[PDB]
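> sequence below, structure please.
(2 chains)
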Amino acid sequence: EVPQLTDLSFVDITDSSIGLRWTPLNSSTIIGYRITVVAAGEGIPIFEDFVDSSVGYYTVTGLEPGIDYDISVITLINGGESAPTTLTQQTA
Amino acid sequence: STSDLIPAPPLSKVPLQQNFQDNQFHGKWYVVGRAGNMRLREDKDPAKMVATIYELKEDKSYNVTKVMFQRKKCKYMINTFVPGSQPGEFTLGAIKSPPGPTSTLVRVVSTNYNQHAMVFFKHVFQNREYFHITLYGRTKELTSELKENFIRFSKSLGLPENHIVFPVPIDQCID
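Numbering: from 1, shown residues only, chains lettered A, B, ... in the order given. Okay, here it is:
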């Protein structure tokens, strides 16, 4: 089963943006990461995007101040993916 | 990269309230049932979607206010719903994609304006299709049959029972 990121961190929290940092996983099985962002209690994501496997840094943009977002980063392999590493962060 | 989600239903399976009256749908709607295909982390103290306020504008769009309860605090989010090809159908206001959705869809499946409404939502992000159905009341209280219909509809769209919830409501955020 696919490895989850074990060190997702939030940095540079503003009223409209949250910075995500993590250490890229090294296995050549890994094709990238999906970032999914949900305003906490909503039933569908607001934001979802992809970065290739080289990336350890993504800034979520166009957020609303004072809202909790559940931010998930999912490890991808060809035809598979991890359980999500999900953390909640409020904007400023 | 093939999506592992429950697939979104064909639109043929998502009716529209016939003779939809935009002026009557207008107002406050409490969340009574929710169902969708996003996988939701098991949480022992989840944030809640309390209510949705639909304000009909002169241009026939809606100003939508989502009322949320997050870590014990009321929160308020704004969307615009722009009308679609049929009455009771809408899309969200133009929003930047990526990383926003490449398409959205809202269908008011059924409503009697003064008691209940059931709304279908779809958000597509390129390959990946998320969908949601919300059962709403003008109060927090609905009839068993109305709830049982929502269950049956959610199932007709391919949603297992565990993705179909009736959250216990708050006493907050409204009055």
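
> distance of the residue nearest to the spatial centre of chain B from residue B:154?
What sits nearest the mean C-alpha location of chain B, by Cα atoms, centre = their mean, is residue B:134, with 4.1 Å. To residue B:154, residue B:134 is 10 Å away according to Cβ to Cβ, to the nearest Å. C-beta coordinates here come from the backbone N, C-alpha and C atoms, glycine included.

> overlap of the contact sets of those two?
Residues touching both residue B:134 and residue B:154 (Cβ atoms under 8 Å, 6 or more residues apart in numbering or on different chains): residue B:35.

> quick one: the strands in the chain?
With no chain named, the answer covers chain A. A:9-11, A:17-21, A:30-39, A:47-52, A:57-61, A:68-77, A:80-81, A:85-90 (DSSP state E).

> can you look at chain B instead?
Here chain B has its strands, by DSSP E, at B:27-36, B:48-56, B:62-70, B:73-83, B:89-92, B:103-111, B:116-125, B:128-137, B:164-165.

> quick one: name the residues of chain B near chain A.
B:1-2, B:4, B:34-36, B:38-39, B:41, B:46-49, B:66, B:68-71, B:75, B:77, B:95-96, B:98-101, B:121, B:123, B:125, B:128, B:130-132, B:134 (Cβ under 8 Å from any Cβ of the partner chain).

> of those, buried ones?
B:34-36, B:38, B:46-49, B:66, B:68-70, B:75, B:77, B:99-101, B:121, B:123, B:125, B:128, B:130-132, B:134 (16 or more other Cβ atoms under 10 Å in any protein chain shown).

> let me see the contact set for residue 48.
Answering for chain A, as no chain was given. A:34, A:35, A:36, A:37, B:98, B:99, B:101, B:125, B:128.

> try chain B instead
A:41, B:31, B:68, B:69, B:167, B:169, B:170.

> buried members of these into ChimeraX, please.
Selection of buried members from the contacts of residue B:48 for ChimeraX, criterion 16+ other Cβ under 10 Å:
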select /A:41 /B:31,68,69,169,170
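
> give me the residues contacting stretch B:62-77.
By Cβ under 8 Å, 6+ apart, stretch B:62-77 touches A:39-42, A:64, A:66-68, A:90, B:22, B:26, B:47-57, B:78-81, B:90, B:170, B:172-174.

> buried among those? Make that a ChimeraX selection.
Per 16+ other Cβ under 10 Å, the buried members of those correspond to this ChimeraX selection:
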select /A:39,40,41,42,67,68,90 /B:22,47,48,49,50,51,52,53,54,56,79,80,81,90,170
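
> which non-adjacent residue is nearest the closest residue to chain A within chain B?
At 3.4 Å from chain A, residue B:47 is the closest residue in chain B, using Cβ to the nearest Cβ. Nearest non-adjacent residue to residue B:47, counting by Cβ to Cβ, 6 or more residues apart in numbering or on different chains: residue A:41, 3.4 Å away.
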